[PDB]
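*Asks:* The structure follows.
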Number of protein chains: 6
Amino acid sequence: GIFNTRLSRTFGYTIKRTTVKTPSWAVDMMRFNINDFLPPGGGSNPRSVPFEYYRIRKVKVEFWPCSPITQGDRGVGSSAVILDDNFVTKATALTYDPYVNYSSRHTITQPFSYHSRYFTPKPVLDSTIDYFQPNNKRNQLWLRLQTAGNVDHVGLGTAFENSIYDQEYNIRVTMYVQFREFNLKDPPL
Amino acid sequence: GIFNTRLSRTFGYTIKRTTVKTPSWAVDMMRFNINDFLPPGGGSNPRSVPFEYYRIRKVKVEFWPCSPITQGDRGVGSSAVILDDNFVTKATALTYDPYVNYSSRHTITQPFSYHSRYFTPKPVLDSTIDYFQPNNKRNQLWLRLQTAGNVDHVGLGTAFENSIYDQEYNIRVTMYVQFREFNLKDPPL
Amino acid sequence: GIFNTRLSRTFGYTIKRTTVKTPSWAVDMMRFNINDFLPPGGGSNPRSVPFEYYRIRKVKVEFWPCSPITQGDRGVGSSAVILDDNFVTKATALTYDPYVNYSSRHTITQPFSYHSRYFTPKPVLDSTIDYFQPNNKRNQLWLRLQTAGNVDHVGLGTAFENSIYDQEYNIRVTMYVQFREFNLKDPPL
Amino acid sequence: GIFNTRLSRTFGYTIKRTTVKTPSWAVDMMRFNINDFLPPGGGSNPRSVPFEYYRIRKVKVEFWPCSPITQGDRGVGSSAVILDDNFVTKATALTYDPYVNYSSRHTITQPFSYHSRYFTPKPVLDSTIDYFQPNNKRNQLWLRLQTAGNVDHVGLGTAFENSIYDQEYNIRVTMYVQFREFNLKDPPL
Amino acid sequence: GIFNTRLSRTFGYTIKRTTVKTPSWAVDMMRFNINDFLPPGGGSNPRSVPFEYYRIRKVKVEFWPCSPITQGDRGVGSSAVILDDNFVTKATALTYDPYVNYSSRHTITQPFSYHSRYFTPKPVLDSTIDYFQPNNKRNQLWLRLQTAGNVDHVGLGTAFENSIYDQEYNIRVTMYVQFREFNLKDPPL
Amino acid sequence: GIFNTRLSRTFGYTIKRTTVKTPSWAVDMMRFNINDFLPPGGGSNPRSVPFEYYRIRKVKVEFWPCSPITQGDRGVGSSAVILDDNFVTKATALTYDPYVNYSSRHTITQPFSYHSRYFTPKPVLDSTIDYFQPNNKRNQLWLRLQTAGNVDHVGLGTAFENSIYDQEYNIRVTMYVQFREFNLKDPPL
C-alpha cells in the first residue's frame, strides 16, 4: 500500500559576525530525522500517518535568506553531500573552505541569495562501518516507522564565509517519503 | 493529494428465535459513518488519517454466518439498497418480506450462508428532502472529514426470516474511501 | 428500476377586468408539486405509483383559452422561466411587463390564443441560498417520493395584459417524471 | 405504455410424515393468481400498480428447503407443468409418482435441496374446454387487471416422496408481468 | 443569456511586528463574497449588473507588497486553498507554519515579493456538513444573485512569518464570474 | 467588452374615428431613444446596465392589435423607414397615403392584423444636414451612453387609414443593442 507524499519543516540558522579580517569560513552539519517531520499520533495508532514502513526518496534543503539585498561584505561558500555521518568538524572561523573541492560542491552566494540542494539521503545503519547503498529506486531499503526512535538520515554539510554583519537564514527542509502497509487500527468507542 | 484506501469494521447481529409458526420476517436497517472506521488522532492532527476531505466510493457489507451447516429451519430473506434514510420500519415478526420486490433485492439464504453486497452509498445531506446524486466518479461530492461530527451514509436494509433457533452473524463492513489534501501538522518538540 | 411516465393536472386562471385606461399587466407565479399530480395510495403502499425515488425531467404548461375569437381589447404578455422561488411580486395592474426583457421570455398573445412552455424545472432545496443544477440528464438529483411532504418545484412566471373583459384560461400542467426502485409491498389477505 | 416488472410472494408447504414403509408420493397442485401478488390500491385507483391490462410472461417457483443437510430418509420426486387446470388428484400416500413420465418433469431431490422451475403459465379462460395458446411473446393475450376477480393462472404440479420426518419448504413464487395503458387518476384534494 | 466578466476589489493587510526571537507565523483567513464586488443597483433593478443567476468560475488573489526591496528580516510563508470554511485558527505568533504540508501550498517569499493564487472557489451551502463540488465547468451550480444576502465563497488561508518590521500588503481580489438570465426592468418615466 | 442584449418597451397608439366619408389617412412618426428602454441606475453607476458605449443594431416595431376580428370598415396603410428626422407632417385626415410609393413601404392591413418592421435605425448627429451611415456592422459608430441626454434614433413613419370605429394598438418596440467597456464602480460600504 504505497503512498508517496511530502513533509516539510522550517527552522533557523545564523552565522554570527566576526572581527577577523581574513576570509574565514563557518562549518556546520545537517542531519535529517523523520521525528521532526512526523509527529506522534494518538491512541492505538502511534504515529499520525498510519503506515508501517518508510523510505526517504529525496530531500530538498532550501536556504531562504533573511538579509536585505543591500547588505555588503558578501562572500562565497560551499554545500556538499555527506552520506556517512563523518562531517568536517564544526568550526567558527576556519582558514579555508573544506567543502570546496568536493565533487558534490555547489557554490553558496552570500548573504541575500537562495540556495537549494536536492539529493537522496542515506540512513545511518552502522556508524562504525558507515556503509550505504547507491541510488536505486527499486532496491532501496524499507525502514520501520518507529514510535519515538527513528534513525537519523544524513547528507548535507555547509561552509559559510563569515562577515562583519550577522547572516541569518530560514532553512526549509522538505522530505519526499514513500510509505507502505497502511495499518490503521479502529477500536470501538 | 489523492489517497485511495480501505477501512474495515466488524460487529454482530442476531435474529432471535420466535415461537410463531407462520413465516415472518425480521426487518432492520444499516447506516455507515466514518467515525466508526476512522478513530480520532492525537495532537494538532484531529484524525488518525491526515487528510481534509473524503468521499466514500464503495461499501462491502459481508454477513459472515455464525451458525453450523447442520442447522435446520432454514429460510430465505432479502437485502436491498436504500439511499435515502427512509427504511421500512424495524419489525420483529412481519408477515411478509418488504424488500422482496425491490429492484436492488438480493436473496439471503439463511442461516449458514454468506451474503455480500457491494454498492456505492450516498450521504444524508438533507433528511427532509432526501436528495442524492447518481453514480459518477468524476462528479461525486467531497465532504469534509470532521473531528467528531461526520455525516451518516446510508444504503442497506435487510429482512431475515425468523426461526426456532437463534441466527447470529458477524457483519464486516469495508468502506473504500478517497481522501484529498494531505494536511499533516508538525509542531516542534 | 426506471419508469418514465407522464402525469397531468388541470385548473383555472382568470385575469379580472379593470376600468384602468393605461396598459397595465397582471403578474402571477406558478409552482409545481408532485402531490397535486400523484394521489396518496392505500395500505402498505403510501403512494399510488409504487416507487421510492423520482426526478422531474420536464414540464409542459399549456394555457388553453376560454375566450371566443371575437373578443376584443386584445393584448400582449410574457411568460418567463424562474428556477429559484423569487418571483416578481404578484400585482393586479402593474405599469409595465417585468418579464419582457428576460432571456426566457415568450410572448403571450391574448385572449384567445394558445401558449405552451416546455422546460426543465428545479427543486427548492434551500430557499435561503436558492441554488440549482444546470440541465444534465445523467447528473440530475433523485429526490424521495415522500408520503405527504414533497418539495415544490419551480419555473414559471407570467404577466398578462389586463382588459375590459375577463380573460379566463384552463391551465393543463403535464410533468414528465422518472421513477426508480419499484417498492411494492404485498402483505397477505 | 408498457412496464415490465417483477412481483413476488412467499408461503409454506409441508409434507407430513408417514409410518408407511413403502415408497409413496404426496401429490399437490399449484395455481397462480395476481391478487396474491398485487394488493388493492386506494381511492380512484382500484389497484396499487396503476395500469389497465396485464399478461404474465413467466413464473419462477422456488422450493427453498427448511430441513437440515443431515436429514435422512431422502427421496426423489417430480415437478411437471400443467397448463390446463386438470391436475392429478391430491393424494397423501400414492403408490407411484404420476408426474415422472411427463415431458416437463424435473427431478426433485429431497429434503434439503433447492428446486426451481421457470416457465410460462396460461390463464383459465374456459375450464370446460381448457384451451390455451402456445408460447408467443407477440401474440400473447392481454387480460384486464380486475379489481377483485382476476383469473387464475396455472402451470405446476408436484409429487414429493414421503418420509419418516416432516419435510417443510418455503415456496417463493415470482411472476414476471407486463402491464399496459397507465391509467392513473388524479382528483383534487 | 451568458455574460462572463471580471470584478475586482482592493484592500489592505498588515502583519504587525513582534519582539519574539523565534520563527513564528501569523495565520489568517480569506473569504470571498459578491456583495463586496457588486454594489446595489437602483430602482426596480436591485443590483448594478442586471442578471438573475451567477456562479464564480475563478478568483485571483494578488498580494501586492508595500515594503521596500531593502527591508531585512525576510521570511518564508505559505498560502493554501481551503474550500470548506474550516480554517486553521487565527494566530498572531504560532510556532510553526500549518499550511506548509498542504497539497495546495505555495511558498510566500516575504516581505517585498509578489504572490498570486488562481483557483476555483466553492460556496458555503451547508457549514455543518461542508460539502462541495469538484471542478466541472459544465456541472457547476448556479446561485441566485440576491439583493443583500449572498453566500460566502471560500478558498484561501495564509501563514506569514513575523518580523521586527511591519509587513504591509495591498490585496487585490479579482473574481471571474458568469451570469445568466438578463432581467432588466424598464418602467416608464 | 462586448455584450449584445435586447431591450423592450410597450405603449399605446390610437387612430380616432372620423365621420369623413372619403378614404383619408392618419400620419404619425416614431422615434427611438435609449432612455425609454434603459432606466437610470443608482449610486456611482449612473445607468442600470454598467457600460460606457453603445450602438443600436436593430429595432423591431410590433403593432399588436387591440381590435376584434369582427370589426368592419377595414382599411390599408403603409409603414416606411425614415432615417433622417424629416417625416411627413402629422395629419389627422390626409387625402392620400404619403408613404405608399416609398421603397421601404410595407402594407398595413387594418384593424385586426399584426404588423412588424425590422430594420437598422440611425442616430440624429446633425439635424441640419441629416447625414447617416450605410449599414455596416464593422464600421457602425459607437455612441456614449449618457446619463440623461442620449440622442434620438429615428427610422419609422406610418400612415393608417381612418375608420368609423376607433383603431387601437399596443406597440412593442424591441431594440437590439451592443455595449462596450464594462465600467462598474465598486466603492466600499
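Labeling convention for the C-alpha cells: chains A, B, ... as they appear, residues from 1 per chain, ligands from 1 in order of appearance.
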Per residue of chain B within 10 Å of chain A, what are the shortest atom pair and its distance in Å to one decimal, counting only C-alpha atoms, with rows by chain and residue number, as a tab-separated table?
*Replies:*
residue	atom	partner	partner_atom	distance
B:1	CA	A:5	CA	8.1
B:2	CA	A:3	CA	9.3
B:3	CA	A:3	CA	7.1
B:4	CA	A:3	CA	9.3
B:5	CA	A:182	CA	8.1
B:6	CA	A:182	CA	8.9
B:7	CA	A:184	CA	7.9
B:8	CA	A:186	CA	8.0
B:9	CA	A:186	CA	7.2
B:10	CA	A:188	CA	9.6
B:11	CA	A:188	CA	9.7
B:35	CA	A:189	CA	9.2
B:36	CA	A:188	CA	7.0
B:37	CA	A:186	CA	5.7
B:38	CA	A:186	CA	6.1
B:39	CA	A:186	CA	5.8
B:40	CA	A:42	CA	7.2
B:41	CA	A:42	CA	4.7
B:42	CA	A:42	CA	3.8
B:43	CA	A:41	CA	7.0
B:44	CA	A:39	CA	8.9
B:45	CA	A:48	CA	7.1
B:46	CA	A:42	CA	9.0
B:47	CA	A:48	CA	8.1
B:48	CA	A:48	CA	5.6
B:49	CA	A:49	CA	6.1
B:50	CA	A:49	CA	6.4
B:51	CA	A:49	CA	9.7
B:182	CA	A:5	CA	8.1
B:183	CA	A:7	CA	9.7
B:184	CA	A:48	CA	7.8
B:185	CA	A:39	CA	7.6
B:186	CA	A:39	CA	5.7
B:187	CA	A:39	CA	7.4
B:188	CA	A:36	CA	7.1
B:189	CA	A:36	CA	8.0
*Asks:* Take the selection from the previous step and output its residues with C-alpha atoms, as a short mmCIF file (atom, residue, chain, number, x, y, z; two decimals), in the first residue's frame.
*Replies:*
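The result, stored in again12.cif:
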data_model
loop_
_atom_site.label_atom_id
_atom_site.label_comp_id
_atom_site.auth_asym_id
_atom_site.auth_seq_id
_atom_site.Cartn_x
_atom_site.Cartn_y
_atom_site.Cartn_z
CA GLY B 1 -3.32 14.75 -2.91
CA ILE B 2 -5.41 11.67 -3.50
CA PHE B 3 -5.09 8.53 -1.41
CA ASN B 4 -7.47 5.65 -2.04
CA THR B 5 -7.51 3.16 0.82
CA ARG B 6 -9.74 0.65 2.59
CA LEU B 7 -11.18 0.78 6.10
CA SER B 8 -12.98 -2.06 7.86
CA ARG B 9 -15.05 -2.70 10.96
CA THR B 10 -16.70 -5.80 12.42
CA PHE B 11 -19.76 -6.20 14.62
CA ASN B 35 -16.30 7.80 12.82
CA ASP B 36 -16.76 4.06 13.34
CA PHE B 37 -13.92 3.30 10.90
CA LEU B 38 -11.53 6.22 11.48
CA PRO B 39 -10.58 6.91 15.11
CA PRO B 40 -9.59 10.29 16.49
CA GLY B 41 -5.96 11.20 16.13
CA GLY B 42 -3.68 12.96 18.55
CA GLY B 43 -2.32 16.46 18.95
CA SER B 44 -2.63 19.04 16.21
CA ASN B 45 -3.94 16.33 13.87
CA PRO B 46 -7.57 15.73 14.92
CA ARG B 47 -7.86 12.46 12.96
CA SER B 48 -5.59 9.47 12.51
CA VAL B 49 -5.54 9.73 8.69
CA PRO B 50 -4.10 13.20 7.99
CA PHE B 51 -6.39 14.44 5.25
CA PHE B 182 -2.80 15.89 2.99
CA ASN B 183 -2.76 18.27 5.95
CA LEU B 184 -0.22 16.98 8.43
CA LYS B 185 0.88 19.42 11.11
CA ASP B 186 4.39 19.15 12.56
CA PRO B 187 4.98 21.35 15.59
CA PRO B 188 8.32 21.25 17.41
CA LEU B 189 9.01 19.06 20.44
#
*Asks:* Using DSSP on the backbone, list every residue of region 98-182 of chain F that comes out as strand (DSSP E), and give them as a PyMOL selection string.
*Replies:* chain F and resi 106-110+115-119+122-123+143-144+153-161+167-182
*Asks:* Generate a file of the selected residues that holds N, CA and C atoms, formatted as a compact mmCIF listing (two decimals), in the first residue's frame.
*Replies:*
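As a result, out_39.txt now contains:
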# COMPACT_ATOMS: atom_id res chain seq x y z
N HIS F 106 -44.15 48.86 -46.43
CA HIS F 106 -44.84 47.61 -46.18
C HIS F 106 -46.30 47.94 -45.95
N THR F 107 -47.17 47.13 -46.50
CA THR F 107 -48.60 47.34 -46.35
C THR F 107 -49.05 47.00 -44.94
N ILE F 108 -49.88 47.86 -44.38
CA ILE F 108 -50.52 47.64 -43.10
C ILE F 108 -51.97 47.28 -43.40
N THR F 109 -52.31 46.03 -43.18
CA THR F 109 -53.71 45.64 -43.11
C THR F 109 -54.27 46.05 -41.76
N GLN F 110 -55.46 46.62 -41.78
CA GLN F 110 -56.12 47.17 -40.61
C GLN F 110 -57.48 46.52 -40.44
N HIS F 115 -48.50 43.77 -37.59
CA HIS F 115 -47.55 44.40 -38.48
C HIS F 115 -46.22 44.53 -37.75
N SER F 116 -45.18 43.96 -38.33
CA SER F 116 -43.83 44.05 -37.81
C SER F 116 -42.93 44.75 -38.81
N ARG F 117 -41.94 45.46 -38.30
CA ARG F 117 -40.90 46.08 -39.10
C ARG F 117 -39.58 45.89 -38.37
N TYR F 118 -38.60 45.34 -39.07
CA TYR F 118 -37.29 45.01 -38.51
C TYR F 118 -36.24 45.69 -39.37
N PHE F 119 -35.52 46.63 -38.78
CA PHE F 119 -34.61 47.47 -39.54
C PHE F 119 -33.53 48.00 -38.61
N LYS F 122 -30.79 54.89 -37.34
CA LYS F 122 -29.65 55.76 -37.46
C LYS F 122 -29.79 56.89 -36.45
N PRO F 123 -28.70 57.35 -35.85
CA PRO F 123 -28.81 58.45 -34.89
C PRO F 123 -28.83 59.81 -35.56
N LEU F 143 -21.72 55.27 -29.90
CA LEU F 143 -22.13 56.42 -29.14
C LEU F 143 -21.86 56.18 -27.67
N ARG F 144 -21.90 57.26 -26.90
CA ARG F 144 -21.77 57.18 -25.46
C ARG F 144 -23.14 57.04 -24.82
N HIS F 153 -32.71 58.15 -31.88
CA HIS F 153 -32.65 57.38 -33.11
C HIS F 153 -33.99 57.44 -33.81
N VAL F 154 -33.95 57.22 -35.11
CA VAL F 154 -35.07 57.52 -35.99
C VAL F 154 -35.15 56.42 -37.04
N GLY F 155 -36.30 56.34 -37.72
CA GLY F 155 -36.49 55.26 -38.65
C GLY F 155 -37.85 54.66 -38.89
N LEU F 156 -38.95 55.24 -38.41
CA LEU F 156 -40.25 54.73 -38.83
C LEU F 156 -41.31 55.81 -38.90
N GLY F 157 -42.04 55.79 -40.00
CA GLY F 157 -43.22 56.61 -40.15
C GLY F 157 -44.35 55.78 -40.73
N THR F 158 -45.56 56.13 -40.32
CA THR F 158 -46.74 55.32 -40.59
C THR F 158 -47.84 56.16 -41.22
N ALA F 159 -48.77 55.46 -41.85
CA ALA F 159 -49.99 56.06 -42.38
C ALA F 159 -51.11 55.05 -42.23
N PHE F 160 -52.06 55.34 -41.36
CA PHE F 160 -53.19 54.48 -41.09
C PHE F 160 -54.45 55.07 -41.70
N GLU F 161 -55.23 54.22 -42.34
CA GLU F 161 -56.49 54.63 -42.93
C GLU F 161 -57.55 54.75 -41.84
N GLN F 167 -59.45 52.61 -33.79
CA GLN F 167 -58.46 51.57 -34.02
C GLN F 167 -57.33 51.75 -33.02
N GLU F 168 -57.25 50.86 -32.04
CA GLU F 168 -56.23 50.91 -31.01
C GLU F 168 -55.17 49.86 -31.27
N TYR F 169 -53.95 50.16 -30.83
CA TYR F 169 -52.81 49.28 -30.98
C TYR F 169 -51.95 49.36 -29.73
N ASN F 170 -51.32 48.24 -29.39
CA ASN F 170 -50.29 48.18 -28.36
C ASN F 170 -48.97 47.96 -29.08
N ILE F 171 -48.12 48.97 -29.09
CA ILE F 171 -46.89 48.95 -29.86
C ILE F 171 -45.75 48.54 -28.95
N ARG F 172 -45.06 47.47 -29.32
CA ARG F 172 -43.92 46.94 -28.58
C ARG F 172 -42.68 47.13 -29.43
N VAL F 173 -41.80 48.01 -28.97
CA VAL F 173 -40.52 48.27 -29.61
C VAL F 173 -39.46 47.48 -28.88
N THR F 174 -38.65 46.76 -29.63
CA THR F 174 -37.54 45.97 -29.12
C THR F 174 -36.28 46.44 -29.81
N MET F 175 -35.33 46.94 -29.04
CA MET F 175 -34.04 47.38 -29.55
C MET F 175 -32.97 46.35 -29.23
N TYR F 176 -32.24 45.95 -30.26
CA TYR F 176 -31.12 45.04 -30.13
C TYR F 176 -29.84 45.86 -30.12
N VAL F 177 -29.23 45.97 -28.95
CA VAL F 177 -28.14 46.89 -28.71
C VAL F 177 -26.86 46.11 -28.48
N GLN F 178 -25.75 46.83 -28.52
CA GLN F 178 -24.42 46.27 -28.35
C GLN F 178 -23.62 47.28 -27.54
N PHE F 179 -23.23 46.89 -26.34
CA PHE F 179 -22.50 47.74 -25.43
C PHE F 179 -21.01 47.41 -25.46
N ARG F 180 -20.23 48.24 -24.78
CA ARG F 180 -18.78 48.11 -24.78
C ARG F 180 -18.24 48.75 -23.51
N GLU F 181 -17.12 48.21 -23.04
CA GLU F 181 -16.35 48.77 -21.93
C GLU F 181 -17.16 48.80 -20.63
N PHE F 182 -17.39 47.60 -20.12
CA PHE F 182 -17.86 47.37 -18.76
C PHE F 182 -17.15 48.28 -17.78
*Asks:* Can you tell me how far CA of residue 149 (chain A) sits from CA of residue 124 (chain A), in Å to one decimal?
*Replies:* 12.8 Å
*Asks:* Quick one: pull the distance between CA of residue 104 (chain E) and CA of residue 83 (chain E), Å, one decimal.
*Replies:* 11.0 Å
*Asks:* Would you work out the distance separating CA of residue 101 (chain A) from CA of residue 162 (chain A), expressed in Å to one decimal?
*Replies:*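 It comes out at 19.1 Å.
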*Asks:* Which is closest to residue 61 (chain A) among A:30, A:141, A:76, A:125, if we use only C-alpha atoms?
*Replies:* A:30
*Asks:* Neighbouring residues of residue 113 (chain F) were defined as those with any atom within 9 Å, considering only C-alpha atoms; residues of the same chain fewer than 5 positions away were excluded. Please report them as a ChimeraX atom specification.
*Replies:* /F:63-65,67,69,108
*Asks:* Please return, as a ChimeraX atom specification, all residues of region 24-108 of chain F that DSSP assigns to helix (DSSP H, G or I) on the basis of the backbone.
*Replies:* /F:34-36,98-100
